[PDB]
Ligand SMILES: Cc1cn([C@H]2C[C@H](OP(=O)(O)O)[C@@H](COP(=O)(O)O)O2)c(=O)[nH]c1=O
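Before any questions on binding or motion, here is one chain by itself as structure tokens, the form deposited without ligand THP.
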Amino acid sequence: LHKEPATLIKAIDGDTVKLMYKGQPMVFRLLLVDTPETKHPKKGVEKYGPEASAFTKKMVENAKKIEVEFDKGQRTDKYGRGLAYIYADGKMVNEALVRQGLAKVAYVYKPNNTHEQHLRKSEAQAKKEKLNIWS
């Protein structure tokens, strides 16, 4: 896995950001994580949804450098969104959300699972500290 540069366009939700990647706007879904959402019917704005969404937004809006890292498997989902690990100045956003109890590790589809154990470890630590989702 290699990182590639990208430029923020807009944060959309806790688990989705719009980036300029190789000169084209593209929606990216963060791999391996489920945040509570602000944008989904039935529910609408779930609990900790605004919080997860504000966390991702600040983190990418205050970064100097954004990098995307695709995994080994498919790089887009059925909605056209890029599937990737997103980094803000060296720090993985997917992991930060998980470590803060603002996301759960999703159901995993091999082979897009390279960072799975690392996230699962952060998730185990956030439950132990009973952070947010886990409180």
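Note that residue numbering follows the sequence shown and begins at 1.
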Selected stretch [higher average CA B-factor]: 11 to 19 or 121 to 129: 121 to 129
Greater mean Cα temperature factor according to the PDB record, 92 to 100 or 29 to 37: 29 to 37
Candidate set 45, 83, 60, 68 [ranked by C-alpha B-factor, highest]: 45
Ranked C-alpha temperature factor of residue 79 among modelled chain residues, by third: middle
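If you look for the form solved in complex with ligand THP, you will not find it shown, but the lines that follow are about it.
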Site status for ligand THP placed as in the entry with it bound, C-alpha superposition, 2.4 Å backbone or C-beta test: open
Of 63, 54, 83, 26, the one that lies within 4.5 Å of ligand THP in the entry with it bound (heavy atoms): 83
Partner contact for residue 48 in the entry with it bound: ligand THP, 4.5 angstroms, heavy atom: no
Residue 123, heavy atom within 4.5 angstroms of ligand THP in the entry with it bound: no
Distance check, residue 37 to ligand THP in the entry with it bound, heavy atom within 4.5 Å: yes
Any non-hydrogen atom of residue 30 within 4.5 angstroms of ligand THP in the entry with it bound: yes
Residues of stretch 69 to 84 in contact with ligand THP in the entry with it bound (4.5 Å, non-hydrogen atom): 77, 78, 79, 81, 83
